[PDB]
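The file start_27.txt contains compact mmCIF, N, CA, C and O atoms and all ligand atoms:
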# COMPACT_ATOMS: atom_id res chain seq x y z
N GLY A 1 -25.83 143.31 186.17
CA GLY A 1 -26.89 143.33 187.17
C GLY A 1 -26.72 142.25 188.22
O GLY A 1 -26.43 141.10 187.90
N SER A 2 -26.90 142.63 189.48
CA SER A 2 -26.75 141.69 190.59
C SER A 2 -27.87 141.88 191.61
O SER A 2 -28.06 142.97 192.14
N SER A 3 -28.60 140.80 191.89
CA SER A 3 -29.70 140.85 192.85
C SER A 3 -29.90 139.49 193.51
O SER A 3 -29.29 138.50 193.12
N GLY A 4 -30.78 139.46 194.51
CA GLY A 4 -31.05 138.21 195.21
C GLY A 4 -32.18 138.35 196.21
O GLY A 4 -32.02 138.95 197.26
N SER A 5 -33.34 137.78 195.87
CA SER A 5 -34.50 137.85 196.74
C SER A 5 -34.36 136.87 197.91
O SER A 5 -33.65 135.87 197.81
N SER A 6 -35.04 137.17 199.01
CA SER A 6 -34.99 136.33 200.20
C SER A 6 -36.37 135.78 200.54
O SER A 6 -37.37 136.15 199.92
N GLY A 7 -36.43 134.89 201.52
CA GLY A 7 -37.69 134.31 201.93
C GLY A 7 -37.54 133.35 203.09
O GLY A 7 -37.57 132.13 202.93
N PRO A 8 -37.38 133.91 204.30
CA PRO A 8 -37.22 133.11 205.52
C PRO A 8 -38.51 132.39 205.92
O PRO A 8 -39.42 133.00 206.48
N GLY A 9 -38.57 131.10 205.62
CA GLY A 9 -39.75 130.32 205.96
C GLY A 9 -40.31 130.67 207.33
O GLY A 9 -41.45 131.10 207.45
N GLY A 10 -39.49 130.46 208.36
CA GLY A 10 -39.93 130.76 209.71
C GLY A 10 -39.41 129.75 210.72
O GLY A 10 -38.85 128.72 210.36
N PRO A 11 -39.59 130.06 212.01
CA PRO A 11 -39.14 129.18 213.10
C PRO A 11 -39.96 127.90 213.19
O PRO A 11 -39.75 127.08 214.08
N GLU A 12 -40.88 127.72 212.24
CA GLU A 12 -41.72 126.53 212.21
C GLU A 12 -41.44 125.70 210.96
O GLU A 12 -42.36 125.30 210.26
N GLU A 13 -40.16 125.45 210.70
CA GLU A 13 -39.76 124.67 209.54
C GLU A 13 -39.57 123.20 209.91
O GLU A 13 -40.16 122.31 209.30
N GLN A 14 -38.73 122.96 210.91
CA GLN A 14 -38.45 121.60 211.37
C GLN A 14 -39.57 121.09 212.26
O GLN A 14 -39.84 119.88 212.30
N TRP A 15 -40.23 122.00 212.97
CA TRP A 15 -41.32 121.64 213.86
C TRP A 15 -42.61 121.40 213.07
O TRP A 15 -43.55 120.80 213.58
N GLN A 16 -42.63 121.87 211.83
CA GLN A 16 -43.80 121.71 210.98
C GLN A 16 -43.65 120.50 210.07
O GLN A 16 -44.58 119.71 209.91
N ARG A 17 -42.47 120.37 209.46
CA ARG A 17 -42.20 119.25 208.56
C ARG A 17 -42.51 117.92 209.24
O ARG A 17 -42.84 116.94 208.57
N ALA A 18 -42.41 117.89 210.56
CA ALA A 18 -42.68 116.68 211.32
C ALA A 18 -44.17 116.56 211.64
O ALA A 18 -44.67 115.46 211.88
N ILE A 19 -44.87 117.69 211.63
CA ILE A 19 -46.30 117.70 211.92
C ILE A 19 -47.09 117.01 210.81
O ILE A 19 -48.09 116.35 211.07
N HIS A 20 -46.63 117.18 209.58
CA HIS A 20 -47.29 116.57 208.43
C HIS A 20 -46.64 115.23 208.07
O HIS A 20 -47.15 114.49 207.23
N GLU A 21 -45.52 114.93 208.72
CA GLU A 21 -44.81 113.69 208.47
C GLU A 21 -45.20 112.62 209.49
O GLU A 21 -45.67 111.54 209.12
N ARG A 22 -45.02 112.93 210.76
CA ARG A 22 -45.36 112.00 211.83
C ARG A 22 -46.68 112.37 212.49
O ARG A 22 -47.47 111.51 212.86
N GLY A 23 -46.92 113.68 212.62
CA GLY A 23 -48.15 114.15 213.23
C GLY A 23 -47.97 115.46 213.96
O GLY A 23 -48.44 116.50 213.51
N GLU A 24 -47.29 115.40 215.10
CA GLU A 24 -47.04 116.60 215.91
C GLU A 24 -45.58 116.69 216.32
O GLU A 24 -44.85 115.70 216.28
N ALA A 25 -45.15 117.89 216.71
CA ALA A 25 -43.77 118.11 217.13
C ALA A 25 -43.71 118.54 218.59
O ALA A 25 -43.63 119.74 218.88
N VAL A 26 -43.74 117.57 219.49
CA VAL A 26 -43.68 117.86 220.92
C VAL A 26 -42.29 118.35 221.33
O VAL A 26 -41.33 118.21 220.57
N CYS A 27 -42.20 118.92 222.53
CA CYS A 27 -40.94 119.43 223.04
C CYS A 27 -39.86 118.35 223.00
O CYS A 27 -39.98 117.29 223.63
N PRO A 28 -38.78 118.61 222.25
CA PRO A 28 -37.66 117.67 222.12
C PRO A 28 -36.86 117.54 223.41
O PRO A 28 -35.85 116.84 223.46
N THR A 29 -37.31 118.22 224.46
CA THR A 29 -36.63 118.18 225.75
C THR A 29 -37.37 117.28 226.73
O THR A 29 -36.84 116.26 227.17
N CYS A 30 -38.60 117.66 227.07
CA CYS A 30 -39.41 116.89 228.00
C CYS A 30 -40.48 116.08 227.25
O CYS A 30 -40.93 115.05 227.73
N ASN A 31 -40.86 116.57 226.08
CA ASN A 31 -41.87 115.90 225.27
C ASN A 31 -43.26 116.09 225.87
O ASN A 31 -44.05 115.15 225.94
N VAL A 32 -43.56 117.32 226.29
CA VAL A 32 -44.86 117.63 226.88
C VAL A 32 -45.29 119.05 226.54
O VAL A 32 -44.67 120.02 226.99
N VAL A 33 -46.35 119.17 225.76
CA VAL A 33 -46.86 120.47 225.36
C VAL A 33 -48.23 120.35 224.69
O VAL A 33 -48.80 119.26 224.62
N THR A 34 -48.74 121.47 224.19
CA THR A 34 -50.04 121.48 223.53
C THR A 34 -50.18 120.31 222.56
O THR A 34 -49.21 119.60 222.29
N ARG A 35 -51.38 120.11 222.04
CA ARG A 35 -51.64 119.03 221.10
C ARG A 35 -51.09 119.36 219.72
O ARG A 35 -50.62 118.48 219.00
N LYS A 36 -51.16 120.64 219.35
CA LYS A 36 -50.66 121.09 218.06
C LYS A 36 -49.17 121.40 218.12
O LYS A 36 -48.53 121.65 217.10
N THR A 37 -48.62 121.38 219.33
CA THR A 37 -47.21 121.66 219.53
C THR A 37 -46.71 122.73 218.55
O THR A 37 -45.66 122.57 217.93
N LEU A 38 -47.48 123.80 218.42
CA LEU A 38 -47.12 124.89 217.52
C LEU A 38 -47.03 126.22 218.27
O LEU A 38 -46.01 126.90 218.23
N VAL A 39 -48.11 126.57 218.97
CA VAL A 39 -48.15 127.81 219.73
C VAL A 39 -47.55 127.62 221.13
O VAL A 39 -46.84 128.48 221.63
N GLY A 40 -47.86 126.48 221.74
CA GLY A 40 -47.35 126.19 223.07
C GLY A 40 -45.99 125.51 223.03
O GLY A 40 -45.58 124.88 224.00
N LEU A 41 -45.29 125.65 221.91
CA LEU A 41 -43.98 125.04 221.75
C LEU A 41 -42.88 126.05 222.05
O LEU A 41 -41.92 125.75 222.76
N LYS A 42 -43.02 127.26 221.51
CA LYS A 42 -42.04 128.32 221.73
C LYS A 42 -42.31 129.04 223.04
O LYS A 42 -41.38 129.48 223.72
N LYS A 43 -43.58 129.18 223.39
CA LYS A 43 -43.97 129.85 224.62
C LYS A 43 -43.67 128.98 225.84
O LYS A 43 -43.50 129.48 226.95
N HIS A 44 -43.59 127.67 225.62
CA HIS A 44 -43.30 126.73 226.70
C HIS A 44 -41.80 126.61 226.93
O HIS A 44 -41.31 126.90 228.03
N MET A 45 -41.07 126.20 225.90
CA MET A 45 -39.63 126.04 226.00
C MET A 45 -39.02 127.16 226.85
O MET A 45 -37.97 126.98 227.47
N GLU A 46 -39.68 128.31 226.86
CA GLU A 46 -39.21 129.46 227.63
C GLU A 46 -38.76 129.03 229.02
O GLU A 46 -37.64 129.31 229.44
N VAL A 47 -39.65 128.35 229.74
CA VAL A 47 -39.35 127.89 231.09
C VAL A 47 -38.70 126.51 231.06
O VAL A 47 -37.84 126.21 231.89
N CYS A 48 -39.11 125.68 230.10
CA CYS A 48 -38.56 124.34 229.97
C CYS A 48 -37.08 124.31 230.36
O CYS A 48 -36.70 123.65 231.32
N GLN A 49 -36.26 125.04 229.61
CA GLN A 49 -34.83 125.10 229.88
C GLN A 49 -34.57 125.53 231.32
O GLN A 49 -33.71 124.96 232.00
N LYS A 50 -35.30 126.54 231.77
CA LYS A 50 -35.14 127.05 233.13
C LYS A 50 -35.39 125.95 234.15
O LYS A 50 -34.71 125.88 235.18
N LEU A 51 -36.37 125.10 233.87
CA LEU A 51 -36.71 124.00 234.77
C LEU A 51 -35.68 122.87 234.66
O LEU A 51 -35.06 122.48 235.65
N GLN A 52 -35.51 122.35 233.45
CA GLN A 52 -34.56 121.27 233.21
C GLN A 52 -33.26 121.51 233.97
O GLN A 52 -32.86 120.71 234.80
N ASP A 53 -32.61 122.63 233.66
CA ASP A 53 -31.35 122.98 234.31
C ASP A 53 -31.46 122.82 235.82
O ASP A 53 -30.58 122.25 236.46
N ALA A 54 -32.54 123.34 236.39
CA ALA A 54 -32.76 123.26 237.83
C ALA A 54 -32.76 121.82 238.30
O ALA A 54 -31.90 121.41 239.09
N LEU A 55 -33.73 121.04 237.82
CA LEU A 55 -33.84 119.64 238.20
C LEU A 55 -32.49 118.94 238.11
O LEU A 55 -32.13 118.13 238.97
N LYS A 56 -31.73 119.26 237.06
CA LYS A 56 -30.41 118.67 236.86
C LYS A 56 -29.45 119.10 237.96
O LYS A 56 -29.06 120.27 238.03
N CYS A 57 -29.05 118.16 238.80
CA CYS A 57 -28.13 118.44 239.89
C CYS A 57 -26.86 119.11 239.37
O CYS A 57 -26.72 119.34 238.17
N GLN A 58 -25.95 119.43 240.28
CA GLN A 58 -24.69 120.08 239.91
C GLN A 58 -23.50 119.27 240.41
O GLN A 58 -22.48 119.17 239.73
N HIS A 59 -23.63 118.69 241.60
CA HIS A 59 -22.57 117.89 242.19
C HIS A 59 -22.41 116.57 241.45
O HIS A 59 -21.30 116.07 241.27
N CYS A 60 -23.54 116.00 241.03
CA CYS A 60 -23.53 114.73 240.31
C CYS A 60 -23.89 114.93 238.84
O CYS A 60 -23.44 114.18 237.97
N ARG A 61 -24.70 115.95 238.57
CA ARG A 61 -25.12 116.25 237.21
C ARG A 61 -26.04 115.16 236.67
O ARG A 61 -25.85 114.66 235.56
N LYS A 62 -27.04 114.79 237.47
CA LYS A 62 -27.99 113.76 237.07
C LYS A 62 -29.38 114.35 236.85
O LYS A 62 -29.83 115.18 237.63
N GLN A 63 -30.04 113.92 235.79
CA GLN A 63 -31.38 114.41 235.47
C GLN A 63 -32.43 113.70 236.31
O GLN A 63 -32.38 112.48 236.50
N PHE A 64 -33.39 114.46 236.82
CA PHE A 64 -34.46 113.91 237.64
C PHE A 64 -35.83 114.33 237.11
O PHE A 64 -36.14 115.52 237.04
N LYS A 65 -36.65 113.35 236.75
CA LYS A 65 -37.98 113.61 236.23
C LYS A 65 -38.97 113.84 237.37
O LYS A 65 -40.11 113.37 237.32
N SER A 66 -38.54 114.55 238.40
CA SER A 66 -39.38 114.83 239.55
C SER A 66 -38.70 115.82 240.50
O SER A 66 -37.62 115.55 241.02
N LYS A 67 -39.35 116.95 240.73
CA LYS A 67 -38.81 117.98 241.62
C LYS A 67 -38.65 117.44 243.03
O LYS A 67 -37.60 117.61 243.66
N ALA A 68 -39.69 116.78 243.54
CA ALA A 68 -39.66 116.22 244.88
C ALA A 68 -38.56 115.16 245.01
O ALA A 68 -37.90 115.07 246.04
N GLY A 69 -38.38 114.37 243.95
CA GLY A 69 -37.37 113.34 243.97
C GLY A 69 -35.97 113.90 244.08
O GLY A 69 -35.10 113.31 244.73
N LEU A 70 -35.74 115.05 243.45
CA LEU A 70 -34.43 115.69 243.48
C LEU A 70 -34.08 116.14 244.89
O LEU A 70 -32.96 115.92 245.37
N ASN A 71 -35.04 116.77 245.56
CA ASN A 71 -34.83 117.25 246.92
C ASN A 71 -34.26 116.14 247.81
O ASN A 71 -33.27 116.34 248.51
N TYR A 72 -34.90 114.98 247.77
CA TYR A 72 -34.47 113.84 248.57
C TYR A 72 -33.04 113.44 248.22
O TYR A 72 -32.17 113.38 249.09
N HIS A 73 -32.80 113.18 246.94
CA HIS A 73 -31.47 112.79 246.47
C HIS A 73 -30.42 113.80 246.92
O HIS A 73 -29.45 113.44 247.58
N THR A 74 -30.62 115.06 246.56
CA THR A 74 -29.69 116.12 246.93
C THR A 74 -29.12 115.90 248.32
O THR A 74 -27.92 115.72 248.49
N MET A 75 -30.00 115.91 249.32
CA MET A 75 -29.59 115.70 250.70
C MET A 75 -29.01 114.31 250.90
O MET A 75 -27.95 114.14 251.50
N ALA A 76 -29.71 113.30 250.38
CA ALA A 76 -29.26 111.92 250.49
C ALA A 76 -27.78 111.79 250.14
O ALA A 76 -26.97 111.39 250.97
N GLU A 77 -27.44 112.13 248.90
CA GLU A 77 -26.06 112.05 248.44
C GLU A 77 -25.29 113.31 248.82
O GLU A 77 -24.23 113.24 249.45
N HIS A 78 -25.82 114.46 248.42
CA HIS A 78 -25.18 115.74 248.72
C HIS A 78 -25.84 116.41 249.92
O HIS A 78 -26.66 117.31 249.76
N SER A 79 -25.47 115.97 251.12
CA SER A 79 -26.03 116.52 252.34
C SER A 79 -25.23 117.73 252.81
O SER A 79 -25.77 118.82 252.98
N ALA A 80 -23.93 117.53 253.01
CA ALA A 80 -23.05 118.60 253.46
C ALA A 80 -22.29 119.21 252.28
O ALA A 80 -21.96 118.52 251.32
N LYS A 81 -22.02 120.51 252.37
CA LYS A 81 -21.30 121.21 251.31
C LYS A 81 -19.81 121.28 251.62
O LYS A 81 -19.39 121.46 252.77
N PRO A 82 -18.97 121.13 250.58
CA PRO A 82 -17.51 121.18 250.72
C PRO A 82 -17.01 122.58 251.05
O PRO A 82 -15.81 122.79 251.23
N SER A 83 -17.93 123.53 251.14
CA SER A 83 -17.57 124.91 251.45
C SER A 83 -18.55 125.51 252.45
O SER A 83 -19.77 125.39 252.30
N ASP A 84 -18.02 126.16 253.48
CA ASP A 84 -18.84 126.78 254.51
C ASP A 84 -18.98 128.28 254.26
O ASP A 84 -18.03 128.94 253.85
N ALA A 85 -20.17 128.81 254.51
CA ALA A 85 -20.43 130.23 254.32
C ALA A 85 -19.90 131.06 255.48
O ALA A 85 -20.53 131.14 256.54
N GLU A 86 -18.73 131.66 255.29
CA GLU A 86 -18.11 132.48 256.33
C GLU A 86 -19.17 133.21 257.14
O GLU A 86 -20.14 133.73 256.60
N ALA A 87 -18.98 133.25 258.46
CA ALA A 87 -19.91 133.92 259.35
C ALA A 87 -19.38 135.29 259.77
O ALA A 87 -18.83 135.44 260.86
N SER A 88 -19.56 136.28 258.91
CA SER A 88 -19.09 137.63 259.19
C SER A 88 -20.27 138.60 259.31
O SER A 88 -20.71 139.18 258.32
N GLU A 89 -20.77 138.76 260.53
CA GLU A 89 -21.90 139.65 260.77
C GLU A 89 -21.59 140.61 261.92
O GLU A 89 -21.59 140.22 263.09
N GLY A 90 -21.32 141.87 261.57
CA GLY A 90 -21.01 142.86 262.58
C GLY A 90 -21.51 144.25 262.20
O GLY A 90 -22.08 144.43 261.13
N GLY A 91 -21.28 145.22 263.08
CA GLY A 91 -21.70 146.58 262.81
C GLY A 91 -23.12 146.84 263.28
O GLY A 91 -24.08 146.60 262.55
N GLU A 92 -23.25 147.34 264.51
CA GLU A 92 -24.56 147.63 265.08
C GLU A 92 -24.54 148.96 265.83
O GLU A 92 -23.51 149.36 266.37
N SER A 93 -25.68 149.63 265.86
CA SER A 93 -25.80 150.92 266.54
C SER A 93 -27.11 151.01 267.31
O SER A 93 -28.01 150.19 267.12
N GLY A 94 -27.21 152.01 268.18
CA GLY A 94 -28.42 152.19 268.97
C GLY A 94 -28.85 153.64 269.04
O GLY A 94 -28.41 154.40 269.91
N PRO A 95 -29.73 154.05 268.12
CA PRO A 95 -30.23 155.43 268.06
C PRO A 95 -31.16 155.75 269.23
O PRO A 95 -32.16 155.06 269.44
N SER A 96 -30.83 156.80 269.97
CA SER A 96 -31.63 157.21 271.12
C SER A 96 -31.63 158.73 271.27
O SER A 96 -30.59 159.33 271.54
N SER A 97 -32.80 159.34 271.08
CA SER A 97 -32.93 160.78 271.19
C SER A 97 -34.40 161.20 271.17
O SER A 97 -35.29 160.36 271.01
N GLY A 98 -34.64 162.49 271.34
CA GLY A 98 -36.00 163.00 271.34
C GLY A 98 -36.34 163.76 270.07
O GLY A 98 -35.60 163.70 269.09
ZN ZN A 101 -40.21 121.42 227.27
ZN ZN A 102 -26.82 115.15 242.77
Written form, structure tokens:
Amino acid sequence: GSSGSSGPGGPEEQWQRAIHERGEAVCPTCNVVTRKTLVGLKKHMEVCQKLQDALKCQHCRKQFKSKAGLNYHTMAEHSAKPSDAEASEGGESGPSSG
């Protein structure tokens, strides 16, 4: 005879073990979310990554804890681009009839 029962605790194993150990499990990325950091933890991270990546420059790859601050820096350090967007705009017509 061969068998084996299963039992997947859930996506709230490491985020929970810390809730009863230290207190709450805030976002390990920005560290900002609901008070229970349980429901607003998975629903938040959704954009978290989307935002973090954005704020994080590409030419320098520096993290900025401020959207407005990044805009300034970008231009400040990275004002001009090492590549120009080819200017190829043609093909026009003039429809005229009754
Ligand atoms: Zn986050
Ligand atoms: Zn930069």
Taking the backbone alone, and naming residues the way the document does, which bits of chain A are alpha helix (DSSP H) by DSSP, as a compact mmCIF listing (two decimals) with N, CA, C and O atoms, in the coordinates of the input?
# COMPACT_ATOMS: atom_id res chain seq x y z
N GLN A 14 -38.73 122.96 210.91
CA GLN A 14 -38.45 121.60 211.37
C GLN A 14 -39.57 121.09 212.26
O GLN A 14 -39.84 119.88 212.30
N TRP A 15 -40.23 122.00 212.97
CA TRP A 15 -41.32 121.64 213.86
C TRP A 15 -42.61 121.40 213.07
O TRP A 15 -43.55 120.80 213.58
N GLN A 16 -42.63 121.87 211.83
CA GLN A 16 -43.80 121.71 210.98
C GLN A 16 -43.65 120.50 210.07
O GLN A 16 -44.58 119.71 209.91
N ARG A 17 -42.47 120.37 209.46
CA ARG A 17 -42.20 119.25 208.56
C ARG A 17 -42.51 117.92 209.24
O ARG A 17 -42.84 116.94 208.57
N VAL A 39 -48.11 126.57 218.97
CA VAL A 39 -48.15 127.81 219.73
C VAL A 39 -47.55 127.62 221.13
O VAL A 39 -46.84 128.48 221.63
N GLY A 40 -47.86 126.48 221.74
CA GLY A 40 -47.35 126.19 223.07
C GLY A 40 -45.99 125.51 223.03
O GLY A 40 -45.58 124.88 224.00
N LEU A 41 -45.29 125.65 221.91
CA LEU A 41 -43.98 125.04 221.75
C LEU A 41 -42.88 126.05 222.05
O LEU A 41 -41.92 125.75 222.76
N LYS A 42 -43.02 127.26 221.51
CA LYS A 42 -42.04 128.32 221.73
C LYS A 42 -42.31 129.04 223.04
O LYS A 42 -41.38 129.48 223.72
N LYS A 43 -43.58 129.18 223.39
CA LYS A 43 -43.97 129.85 224.62
C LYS A 43 -43.67 128.98 225.84
O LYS A 43 -43.50 129.48 226.95
N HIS A 44 -43.59 127.67 225.62
CA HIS A 44 -43.30 126.73 226.70
C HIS A 44 -41.80 126.61 226.93
O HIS A 44 -41.31 126.90 228.03
N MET A 45 -41.07 126.20 225.90
CA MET A 45 -39.63 126.04 226.00
C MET A 45 -39.02 127.16 226.85
O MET A 45 -37.97 126.98 227.47
N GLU A 46 -39.68 128.31 226.86
CA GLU A 46 -39.21 129.46 227.63
C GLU A 46 -38.76 129.03 229.02
O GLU A 46 -37.64 129.31 229.44
N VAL A 47 -39.65 128.35 229.74
CA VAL A 47 -39.35 127.89 231.09
C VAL A 47 -38.70 126.51 231.06
O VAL A 47 -37.84 126.21 231.89
N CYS A 48 -39.11 125.68 230.10
CA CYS A 48 -38.56 124.34 229.97
C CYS A 48 -37.08 124.31 230.36
O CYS A 48 -36.70 123.65 231.32
N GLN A 49 -36.26 125.04 229.61
CA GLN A 49 -34.83 125.10 229.88
C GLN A 49 -34.57 125.53 231.32
O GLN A 49 -33.71 124.96 232.00
N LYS A 50 -35.30 126.54 231.77
CA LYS A 50 -35.14 127.05 233.13
C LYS A 50 -35.39 125.95 234.15
O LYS A 50 -34.71 125.88 235.18
N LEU A 51 -36.37 125.10 233.87
CA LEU A 51 -36.71 124.00 234.77
C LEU A 51 -35.68 122.87 234.66
O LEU A 51 -35.06 122.48 235.65
N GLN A 52 -35.51 122.35 233.45
CA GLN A 52 -34.56 121.27 233.21
C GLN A 52 -33.26 121.51 233.97
O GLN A 52 -32.86 120.71 234.80
N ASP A 53 -32.61 122.63 233.66
CA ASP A 53 -31.35 122.98 234.31
C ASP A 53 -31.46 122.82 235.82
O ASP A 53 -30.58 122.25 236.46
N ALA A 54 -32.54 123.34 236.39
CA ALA A 54 -32.76 123.26 237.83
C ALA A 54 -32.76 121.82 238.30
O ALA A 54 -31.90 121.41 239.09
N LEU A 55 -33.73 121.04 237.82
CA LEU A 55 -33.84 119.64 238.20
C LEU A 55 -32.49 118.94 238.11
O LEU A 55 -32.13 118.13 238.97
N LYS A 67 -39.35 116.95 240.73
CA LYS A 67 -38.81 117.98 241.62
C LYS A 67 -38.65 117.44 243.03
O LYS A 67 -37.60 117.61 243.66
N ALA A 68 -39.69 116.78 243.54
CA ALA A 68 -39.66 116.22 244.88
C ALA A 68 -38.56 115.16 245.01
O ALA A 68 -37.90 115.07 246.04
N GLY A 69 -38.38 114.37 243.95
CA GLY A 69 -37.37 113.34 243.97
C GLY A 69 -35.97 113.90 244.08
O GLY A 69 -35.10 113.31 244.73
N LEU A 70 -35.74 115.05 243.45
CA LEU A 70 -34.43 115.69 243.48
C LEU A 70 -34.08 116.14 244.89
O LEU A 70 -32.96 115.92 245.37
N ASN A 71 -35.04 116.77 245.56
CA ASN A 71 -34.83 117.25 246.92
C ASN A 71 -34.26 116.14 247.81
O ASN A 71 -33.27 116.34 248.51
N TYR A 72 -34.90 114.98 247.77
CA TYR A 72 -34.47 113.84 248.57
C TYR A 72 -33.04 113.44 248.22
O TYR A 72 -32.17 113.38 249.09
N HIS A 73 -32.80 113.18 246.94
CA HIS A 73 -31.47 112.79 246.47
C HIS A 73 -30.42 113.80 246.92
O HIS A 73 -29.45 113.44 247.58
N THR A 74 -30.62 115.06 246.56
CA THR A 74 -29.69 116.12 246.93
C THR A 74 -29.12 115.90 248.32
O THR A 74 -27.92 115.72 248.49
N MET A 75 -30.00 115.91 249.32
CA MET A 75 -29.59 115.70 250.70
C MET A 75 -29.01 114.31 250.90
O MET A 75 -27.95 114.14 251.50
N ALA A 76 -29.71 113.30 250.38
CA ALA A 76 -29.26 111.92 250.49
C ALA A 76 -27.78 111.79 250.14
O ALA A 76 -26.97 111.39 250.97
N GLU A 77 -27.44 112.13 248.90
CA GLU A 77 -26.06 112.05 248.44
C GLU A 77 -25.29 113.31 248.82
O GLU A 77 -24.23 113.24 249.45
>> Rounded to one decimal, what separation in Å do you get between atom O of residue 70 in chain A and CA of residue 34 in chain A?
In response: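 Separation of atom O of residue 70 in chain A and CA of residue 34 in chain A: 28.3 Å.
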> So how far away is atom N of residue 7 in chain A from atom N of residue 41 in chain A, in Å?
Replying inline: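 Result for atom N of residue 41 in chain A versus atom N of residue 7 in chain A: 24.1 Å, one decimal.
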>> Applying 7 Å and all atoms listed in the file, which residues near range 45-54 of chain A remain after dropping the ones on its own chain fewer than 6 positions away? List them as a ChimeraX atom specification.
In response: /A:62-64
>> Taking only N, CA, C and O atoms and all ligand atoms into account, list the residues no farther than 8 Å from ligand ZN 102 (chain A), as a PyMOL selection string.
In response: chain A and resi 55-63+70+73-75+77-78
Nearby polymer residues, ligand ZN 101 (chain A), at most 6 Å, only N, CA, C and O atoms and all ligand atoms, as a PDB file with N, CA, C and O atoms, in the coordinates of the input:
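Ended up saving to pocket_38.pdb:
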ATOM      1  N   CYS A  27     -42.200 118.920 222.530  1.00  0.00           N
ATOM      2  CA  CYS A  27     -40.940 119.430 223.040  1.00  0.00           C
ATOM      3  C   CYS A  27     -39.860 118.350 223.000  1.00  0.00           C
ATOM      4  O   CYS A  27     -39.980 117.290 223.630  1.00  0.00           O
ATOM      5  N   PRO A  28     -38.780 118.610 222.250  1.00  0.00           N
ATOM      6  CA  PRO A  28     -37.660 117.670 222.120  1.00  0.00           C
ATOM      7  C   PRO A  28     -36.860 117.540 223.410  1.00  0.00           C
ATOM      8  O   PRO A  28     -35.850 116.840 223.460  1.00  0.00           O
ATOM      9  N   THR A  29     -37.310 118.220 224.460  1.00  0.00           N
ATOM     10  CA  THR A  29     -36.630 118.180 225.750  1.00  0.00           C
ATOM     11  C   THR A  29     -37.370 117.280 226.730  1.00  0.00           C
ATOM     12  O   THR A  29     -36.840 116.260 227.170  1.00  0.00           O
ATOM     13  N   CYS A  30     -38.600 117.660 227.070  1.00  0.00           N
ATOM     14  CA  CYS A  30     -39.410 116.890 228.000  1.00  0.00           C
ATOM     15  C   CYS A  30     -40.480 116.080 227.250  1.00  0.00           C
ATOM     16  O   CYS A  30     -40.930 115.050 227.730  1.00  0.00           O
ATOM     17  N   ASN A  31     -40.860 116.570 226.080  1.00  0.00           N
ATOM     18  CA  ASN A  31     -41.870 115.900 225.270  1.00  0.00           C
ATOM     19  C   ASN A  31     -43.260 116.090 225.870  1.00  0.00           C
ATOM     20  O   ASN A  31     -44.050 115.150 225.940  1.00  0.00           O
ATOM     21  N   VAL A  32     -43.560 117.320 226.290  1.00  0.00           N
ATOM     22  CA  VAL A  32     -44.860 117.630 226.880  1.00  0.00           C
ATOM     23  C   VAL A  32     -45.290 119.050 226.540  1.00  0.00           C
ATOM     24  O   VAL A  32     -44.670 120.020 226.990  1.00  0.00           O
ATOM     25  N   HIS A  44     -43.590 127.670 225.620  1.00  0.00           N
ATOM     26  CA  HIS A  44     -43.300 126.730 226.700  1.00  0.00           C
ATOM     27  C   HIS A  44     -41.800 126.610 226.930  1.00  0.00           C
ATOM     28  O   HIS A  44     -41.310 126.900 228.030  1.00  0.00           O
ATOM     29  N   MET A  45     -41.070 126.200 225.900  1.00  0.00           N
ATOM     30  CA  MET A  45     -39.630 126.040 226.000  1.00  0.00           C
ATOM     31  C   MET A  45     -39.020 127.160 226.850  1.00  0.00           C
ATOM     32  O   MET A  45     -37.970 126.980 227.470  1.00  0.00           O
ATOM     33  N   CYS A  48     -39.110 125.680 230.100  1.00  0.00           N
ATOM     34  CA  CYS A  48     -38.560 124.340 229.970  1.00  0.00           C
ATOM     35  C   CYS A  48     -37.080 124.310 230.360  1.00  0.00           C
ATOM     36  O   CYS A  48     -36.700 123.650 231.320  1.00  0.00           O
ATOM     37  N   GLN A  49     -36.260 125.040 229.610  1.00  0.00           N
ATOM     38  CA  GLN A  49     -34.830 125.100 229.880  1.00  0.00           C
ATOM     39  C   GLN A  49     -34.570 125.530 231.320  1.00  0.00           C
ATOM     40  O   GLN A  49     -33.710 124.960 232.000  1.00  0.00           O
TER      41      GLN A  49
END
>> One decimal, in Å: what's the spacing between atom N of residue 21 in chain A and atom O of residue 40 in chain A?
In response: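 Computing it gives 18.2 Å between the two atoms.
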